[PDB]
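The block underneath contains the structure these notes are about, expressed in structure tokens.
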Amino acid sequence: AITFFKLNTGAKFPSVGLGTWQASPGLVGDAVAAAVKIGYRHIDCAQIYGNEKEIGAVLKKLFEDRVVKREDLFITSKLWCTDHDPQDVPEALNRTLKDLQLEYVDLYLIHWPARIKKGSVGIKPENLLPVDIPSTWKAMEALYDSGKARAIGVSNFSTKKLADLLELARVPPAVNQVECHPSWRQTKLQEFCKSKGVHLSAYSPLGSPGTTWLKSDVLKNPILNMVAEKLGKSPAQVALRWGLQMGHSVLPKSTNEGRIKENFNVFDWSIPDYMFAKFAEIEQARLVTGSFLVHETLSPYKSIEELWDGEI
Ligand SMILES: NC(=O)c1ccc[n+]([C@@H]2O[C@H](COP(=O)([O-])OP(=O)(O)OC[C@H]3O[C@@H](n4cnc5c(N)ncnc54)[C@H](OP(=O)(O)O)[C@@H]3O)[C@@H](O)[C@H]2O)c1
């Protein structure tokens, strides 16, 4: 069925989470409510998504109304690039906790391996700062030690950056949340993660078709669509079930009730082995390049290639 994965802390991580990037403050509450009512037990959040207060207000209502108990939900949030200095780390989590109306998060992630100055809404390369992941991770470890974050992890870390952190960390990252879908399979990183006991969690598992500045080609892939037609499932369902069968969690985002439901119905069927093999020939390209962190003169990362340590 593949309904959860065990983290290196022992915690059960539900395998399908509701994504909330680009879910507006006006729509995200009803989306979270609908998702939890349908059976989702995992919500992927971030301070930078601009909607944690609205998520918190609905979580409060769901708990009060006895739809779910806090202990049965898995809530992830992420430390934004402005808040990597160790002094700023616990303040950043405390703001997220206040907004989400929680006493702890189940998972707290370093969102990207980069620092940015406070004080611009927009990102400009002038505001990029030198990076110090070991120092930031030590501050994350204190949040884990105190129970404010029951698990800590990273996001957008290449194999090399994750390896470098693992070599020196006291608390190993529980999760590395990265772009992963049939057009960006991440087999190298997944294998490394598995060997080290780190769970890989897939963002943009549908290829983020609603993002205007990305090509919308993942759910249109002919191999994927043939499998969908043969099994009587939607292209999104096939993409999601594929991810589960590859051994990673998936974080599909929707603000539409029907799609939220559709995306969760990925446990009562499977992609048969021979059909599954066909996915291996889908052309590969990374959609989310992290170009906002890349600059020839002003950044620790002079190119996209450097940001991903060649994983492009
Ligand atoms: N750590 C990171 O740096 C990072 C980066 C990117 C994403 N993420 C996380 O991962 C989540 C998922 O990634 P994502 O939001 O980029 O994209 P995604 O989940 O791959 O795709 C979401 C898009 O697909 C549409 N959609 C959802 N279900 C569908 C279905 N059944 N059929 C057809 N279209 C469907 C949505 O529209 P509707 O909303 O209208 O249904 C939306 O436009 C994010 O929301 C966020 O939580 C993290």
Side-chain angles (χ1 to χ4, degrees), residues 1-5 13-46 49-52 54-59 61-62 67-68 73-77 177-184 201-246 248-271 279 282 287-288:
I2 320 172
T3 62
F4 68 91
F5 294 93
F13 188 40
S15 61
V16 178
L18 181 70
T20 66
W21 179 41
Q22 307 179 287
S24 68
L27 294 177
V28 70
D30 286 344
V32 170
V36 170
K37 290 169 183 187
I38 280 159
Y40 286 67
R41 294 292 179 268
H42 167 187
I43 314 293
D44 185 71
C45 309
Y49 298 166
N51 58 7
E52 291 190 319
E54 289 81 9
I55 296 166
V58 296
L59 294 181
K61 174 168 173 176
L62 295 168
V67 176
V68 72
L73 289 190
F74 195 106
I75 303 297
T76 299
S77 188
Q177 187 190 113
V178 293
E179 178 184 345
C180 186
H181 49 72
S183 299
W184 194 243
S201 184
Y203 78 67
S204 305
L206 310 182
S208 203
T211 301
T212 72
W213 40 267
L214 297 179
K215 294 287 184 182
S216 309
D217 292 316
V218 169
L219 296 184
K220 293 174 186 177
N221 174 272
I223 293 169
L224 187 147
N225 278 270
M226 177 175 302
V227 173
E229 192 276 336
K230 286 191 179 184
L231 299 180
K233 300 295 171 181
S234 71
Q237 284 173 328
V238 173
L240 294 167
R241 182 70 197 181
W242 172 86
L244 296 177
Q245 289 182 212
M246 290 288 287
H248 58 251
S249 53
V250 293
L251 308 176
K253 174 269 179 181
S254 178
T255 52
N256 177 274
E257 179 178 338
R259 296 187 284 277
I260 292 169
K261 167 65 168 139
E262 173 179 319
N263 293 345
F264 204 61
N265 218 356
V266 289
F267 309 111
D268 66 329
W269 63 281
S270 66
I271 302 164
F279 287 79
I282 293 174
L287 292 174
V288 181

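Residues: numbered from 1 along the sequence shown. Below, each value reflects all heavy atoms present in this structure, side chains not excepted, and no hydrogens, waters or symmetry copies.
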Query raised in the report: Only one of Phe4, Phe13, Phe264 clears ring pair (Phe, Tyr, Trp, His ring centres under 6.0 Å) with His42; which?
Result: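 The ring pair (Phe, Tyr, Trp, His ring centres under 6.0 Å) with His42 is passed solely by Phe13 among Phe4, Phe13, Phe264.
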Query raised in the report: Passes side chain to side chain contact (heavy atoms under 4.5 Å, CB included), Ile75 versus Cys45? Steps please.
Result: CA-CA 7 Å; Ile75 303 297; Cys45 309; 4.3 Å; yes
Pairwise distance [atom1]([X]) to [atom2]([Y]) - rounded to 0.5 angstrom:
| X | Y | atom1 | atom2 | result |
| --- | --- | --- | --- | --- |
| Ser201 | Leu251 | OG | CG | 4.0 Å |
| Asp44 | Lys253 | CG | NZ | 13.0 Å |
| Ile43 | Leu18 | CD1 | CG | 5.0 Å |
| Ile260 | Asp30 | CD1 | CG | 9.0 Å |
| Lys233 | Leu224 | NZ | CG | 14.0 Å |
| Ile282 | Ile223 | CD1 | CD1 | 5.0 Å |

Please tell me if the side chains of [X] and [Y] come closer than 4.5 Å, counting only heavy atoms from C-beta onward.
| X | Y | answer |
| --- | --- | --- |
| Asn263 | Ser254 | yes |
| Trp242 | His248 | yes |
| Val16 | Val266 | yes |

Check whether any side-chain N or O of [X] sits under 3.5 Å from a backbone N or O of [Y] as a donor-acceptor pair, and report yes or no.
| X | Y | result |
| --- | --- | --- |
| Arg241 | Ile271 | no |
| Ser234 | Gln237 | yes |
| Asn51 | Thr20 | yes |
| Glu179 | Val288 | yes |

Requested in this report: Go through the steps to decide whether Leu206 and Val218 satisfy the test side chain to side chain contact (heavy atoms under 4.5 Å, CB included), and finish with yes or no.
Outcome: CA-CA 7 Å; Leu206 310 182; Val218 169; 6.0 Å; no
Over all atoms of both residues, closest heavy-atom pair of [X] and [Y]:
| X | Y | result |
| --- | --- | --- |
| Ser249 | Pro14 | CB-O, 4.5 Å |
| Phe267 | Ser15 | CE2-OG, 3.6 Å |
| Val238 | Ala228 | CG2-CA, 3.5 Å |
| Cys180 | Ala202 | O-CB, 3.4 Å |
| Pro205 | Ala239 | O-CB, 3.7 Å |
| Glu52 | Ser77 | OE2-OG, 2.6 Å |

Report task. Test side chain to side chain contact (heavy atoms under 4.5 Å, CB included) on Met246 and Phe279 and set out the steps. Result -> CA-CA 11 Å; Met246 290 288 287; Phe279 287 79; over 6 Å; no
Report task. Would you please say whether a donor-acceptor pair under 3.5 Å links the side chains of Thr211 and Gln22? Result ->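 Side-chain D/A pair, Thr211 to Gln22: present.
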Report task. Would you sort out whether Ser208 and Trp21 count as a side chain to side chain contact (heavy atoms under 4.5 Å, CB included), showing the intermediate values? Result -> CA-CA 10 Å; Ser208 203; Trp21 179 41; 3.8 Å; yes
